[PDB]
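Novice: Below is a structure I'd like to ask you about.
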Amino acid sequence: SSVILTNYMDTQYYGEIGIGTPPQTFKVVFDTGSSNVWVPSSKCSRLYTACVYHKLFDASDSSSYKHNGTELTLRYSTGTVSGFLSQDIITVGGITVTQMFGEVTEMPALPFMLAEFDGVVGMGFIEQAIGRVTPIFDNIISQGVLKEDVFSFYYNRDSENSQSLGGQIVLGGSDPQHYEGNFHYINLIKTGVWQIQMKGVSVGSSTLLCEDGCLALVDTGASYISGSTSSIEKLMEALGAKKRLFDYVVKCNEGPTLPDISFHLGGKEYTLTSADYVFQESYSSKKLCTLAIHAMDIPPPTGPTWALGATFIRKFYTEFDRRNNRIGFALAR
Ligand SMILES: CC(C)C[C@H](O)[C@H](O)[C@@H](C[C@H]1CC=CCC1)NC(=O)[C@H](Cc1csc(N)n1)NC(=O)[C@H](Cc1ccccc1)NS(=O)(=O)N1CCOCC1
């Protein structure tokens, strides 16, 4: 099965899922970085403006709903959400699955008022699941219908004409149509985490970063590529970038001349051109241009670690292999 994704300014890739009977529609981000499923709840206090601006699941309108009520809190790198568990059938690209998910009753204005989407569908392992809830992918696999025990991600560059798919997720395989050359895999380090060993990070003619090795979380739910504050501060000064709020910028006229950034993964340099990681929205020296890379200090046992998000995935088609506990990359097309 495939799920069509929408691309909002290269920073938000979301698809749709139906919940309940009849189906209640939601826009969600598919996050390989987490393992729970959640959407805003109709029981969410309207004092939270983000709940006023998003689709809300109403259990009282679903005849397939199954109550549970266990409270859970989901902590993500850029924000937190709180609520309770409920069970109901969920549709994902034609596949129907009974799923335990979180109904959110607390959703902070920042950052959710900036979300064009409603909720989240974690694509991570149960090991990372809060409340020890079974992940939606495991449940689909239990049906023993997917041809393969893997799922692929394709993130298109944002177009100006809404007739080009923003992105695509293939459940149970990959779409040859969106990648060329051969896949190149790297076995996962830790157990139950889409994280792999990174052999090095170079900025031009200097492997000035991650020498001696580091970790890399392949994160579909991340807009930018991220490293530890320390790593970023070093990379950024090597780029002549200045930190504004919590991200970096360069003088637009300087963006095109920025150097290549490479990530050594499983013996294979994955190179990002400046055109690949800078939002070139001008060429003026009188304007600032943002970089799709910022600091993100992820706590142990998963972090410290770099995180490869949409900036990276946009260039390299990614396949997440469950059976072989590995990740594969291939030139996107
Ligand atoms: C084990 C952990 C690391 C996994 C992590 O929890 C998970 O991958 C998901 C959760 C989910 C977080 C919320 C919903 C989708 C995914 N992802 C994140 O939290 C990421 C931050 C991150 C961690 S590592 C990396 N590289 N980037 N968060 C983002 O990329 C946000 C998404 C976003 C949130 C709200 C509105 C609009 C866009 N965009 S953003 O960074 O450019 N910016 C931030 C400030 O507000 C405005 C948007």
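Chain labels A, B, ... are given in the sequence in which chains occur in the structure tokens; within each chain residues are numbered consecutively from 1, and ligands are likewise numbered from 1 in the order shown.
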Going by DSSP on the backbone, which bits of region 125-330 of chain A are strand (DSSP E)? Write them as number ranges by chain, please.

Specialist: A: 150-155, 167-171, 179-187, 195-203, 214-218, 225-227, 242-243, 248-251, 261-265, 269-272, 288-290, 293-295, 306-308, 316-321, 326-330

Novice: Give me the chain A side of the contact with ligand 1, cut-off 8 Å, one line per residue showing its nearest atom pair and distance in Å at one decimal, counting only C-alpha atoms and all ligand atoms, sorted by chain and residue number, as CSV.

Specialist:
residue,atom,partner,partner_atom_place_in_ligand_line,distance
A:11,CA,ligand 1,42 (O),6.1
A:12,CA,ligand 1,38 (C),5.9
A:28,CA,ligand 1,15 (C),7.8
A:29,CA,ligand 1,15 (C),5.5
A:30,CA,ligand 1,16 (C),7.6
A:31,CA,ligand 1,8 (O),5.7
A:32,CA,ligand 1,8 (O),6.6
A:33,CA,ligand 1,8 (O),3.9
A:34,CA,ligand 1,4 (C),5.6
A:75,CA,ligand 1,6 (O),6.6
A:76,CA,ligand 1,6 (O),3.4
A:77,CA,ligand 1,19 (O),3.9
A:78,CA,ligand 1,19 (O),4.5
A:79,CA,ligand 1,12 (C),6.2
A:80,CA,ligand 1,13 (C),7.8
A:110,CA,ligand 1,46 (O),6.4
A:111,CA,ligand 1,46 (O),4.3
A:112,CA,ligand 1,35 (C),4.7
A:113,CA,ligand 1,36 (C),6.8
A:114,CA,ligand 1,36 (C),4.4
A:115,CA,ligand 1,36 (C),3.7
A:116,CA,ligand 1,37 (C),6.9
A:117,CA,ligand 1,36 (C),7.8
A:119,CA,ligand 1,14 (C),6.8
A:120,CA,ligand 1,15 (C),6.2
A:217,CA,ligand 1,24 (S),7.6
A:219,CA,ligand 1,8 (O),5.3
A:220,CA,ligand 1,8 (O),6.7
A:221,CA,ligand 1,9 (C),4.4
A:222,CA,ligand 1,30 (O),3.4
A:223,CA,ligand 1,30 (O),3.8
A:224,CA,ligand 1,26 (N),5.0
A:225,CA,ligand 1,26 (N),4.3
A:226,CA,ligand 1,26 (N),3.9
A:227,CA,ligand 1,26 (N),7.1
A:293,CA,ligand 1,26 (N),7.5
A:294,CA,ligand 1,26 (N),7.4
A:295,CA,ligand 1,26 (N),7.8
A:296,CA,ligand 1,24 (S),5.6
A:297,CA,ligand 1,24 (S),7.8
A:298,CA,ligand 1,3 (C),5.5
A:302,CA,ligand 1,1 (C),6.8
A:303,CA,ligand 1,1 (C),7.9
A:306,CA,ligand 1,26 (N),7.0
A:307,CA,ligand 1,26 (N),4.3
A:308,CA,ligand 1,26 (N),5.6
A:309,CA,ligand 1,26 (N),5.3

Novice: Excluding residue 9 (chain A) and its own-chain neighbours fewer than 2 positions away, which residues fall within 9 Å of it when counting only C-alpha atoms? Please give them as a list in words.

Specialist: residues 7, 11, 12, 13, 157, 158 and 159 of chain A

Novice: Could those selected residues go to a file with N, CA, C and O atoms, as a tab-separated table (two decimals), in the first residue's frame?

Specialist:
chain	number	residue	atom	x	y	z
A	7	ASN	N	3.18	18.17	0.72
A	7	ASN	CA	4.40	18.87	1.09
A	7	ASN	C	4.10	20.35	1.33
A	7	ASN	O	3.75	21.09	0.40
A	11	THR	N	8.82	21.64	4.81
A	11	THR	CA	9.03	21.43	6.23
A	11	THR	C	8.01	20.52	6.89
A	11	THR	O	8.23	20.08	8.01
A	12	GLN	N	6.89	20.26	6.21
A	12	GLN	CA	5.86	19.39	6.76
A	12	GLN	C	5.29	18.41	5.73
A	12	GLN	O	4.58	18.81	4.80
A	13	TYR	N	5.59	17.13	5.91
A	13	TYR	CA	5.09	16.10	5.02
A	13	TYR	C	4.06	15.30	5.79
A	13	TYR	O	4.38	14.64	6.79
A	157	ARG	N	10.57	17.70	-3.58
A	157	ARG	CA	10.90	19.08	-3.34
A	157	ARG	C	9.54	19.75	-3.51
A	157	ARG	O	8.69	19.26	-4.24
A	158	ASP	N	9.32	20.86	-2.82
A	158	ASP	CA	8.04	21.55	-2.91
A	158	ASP	C	7.87	22.19	-4.28
A	158	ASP	O	8.77	22.85	-4.79
A	159	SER	N	6.71	21.98	-4.90
A	159	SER	CA	6.45	22.58	-6.19
A	159	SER	C	5.52	23.76	-5.97
A	159	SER	O	5.05	23.99	-4.86

Novice: Quick one: of A:98, A:139, A:280, A:207, who's nearest to residue 123 (chain A), counting only C-alpha atoms?

Specialist: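 Under the stated criterion, the closest residue is A:139.
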
Novice: Please return as a ChimeraX atom specification: the residues of region 72-320 of chain A that backbone DSSP assigns to helix (DSSP H, G or I).

Specialist: /A:109-112,126-128,130-132,136-142,176-178,229-239,252-257,274-277,310-313

Novice: From the list A:202, A:271, A:285, A:177, which residue is nearest residue 315 (chain A) when using only C-alpha atoms?

Specialist: A:271

Novice: Could you pull the residues within 8 Å of residue 101 (chain A), counting only C-alpha atoms, minus those fewer than 2 positions along the same chain, as a PyMOL selection string?

Specialist: chain A and resi 36-39+85-88+99+103

Novice: What gap, in Å, lies between CA of residue 143 (chain A) and CA of residue 330 (chain A)?

Specialist: 28.6 Å

Novice: Which residue is closest to residue 84 (chain A)? Choose from A:331, A:52, A:44, A:171 and count only C-alpha atoms.

Specialist: A:44

Novice: Excluding residue 253 (chain A) and its own-chain neighbours fewer than 6 positions away, which residues fall within 8 Å of it when counting only C-alpha atoms? Please give them as a list in words.

Specialist: residues 282, 283, 284 and 285 of chain A

Novice: Restrict the selected residues to N, CA and C atoms and save them as a PDB file, in the first residue's frame.

Specialist:
ATOM      1  N   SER A 282      16.137  34.156  -2.203  1.00  0.00           N
ATOM      2  CA  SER A 282      16.624  35.443  -2.674  1.00  0.00           C
ATOM      3  C   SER A 282      18.109  35.272  -2.928  1.00  0.00           C
ATOM      4  N   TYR A 283      18.719  36.287  -3.518  1.00  0.00           N
ATOM      5  CA  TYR A 283      20.137  36.253  -3.820  1.00  0.00           C
ATOM      6  C   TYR A 283      20.747  37.536  -3.283  1.00  0.00           C
ATOM      7  N   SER A 284      19.916  38.325  -2.611  1.00  0.00           N
ATOM      8  CA  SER A 284      20.341  39.599  -2.053  1.00  0.00           C
ATOM      9  C   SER A 284      21.248  39.469  -0.853  1.00  0.00           C
ATOM     10  N   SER A 285      22.164  40.424  -0.728  1.00  0.00           N
ATOM     11  CA  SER A 285      23.081  40.454   0.397  1.00  0.00           C
ATOM     12  C   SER A 285      22.339  41.172   1.515  1.00  0.00           C
TER      13      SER A 285
END

Novice: Determine, counting only C-alpha atoms, which protein, DNA and RNA residues have an atom within 7 Å of an atom of residue 325 (chain A); residues of the same chain fewer than 2 positions away are not included. Present the result as a VMD selection string.

Specialist: chain A and resid 187 to 188 321 to 323

Novice: Find the residues near residue 125 (chain A): any atom within 7 Å, counting only C-alpha atoms, skip ones fewer than 5 places away on the same chain, and give them as a list in words.

Specialist: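 Final neighbour list, sorted by chain and number: residues 35, 135, 192 and 193 of chain A.
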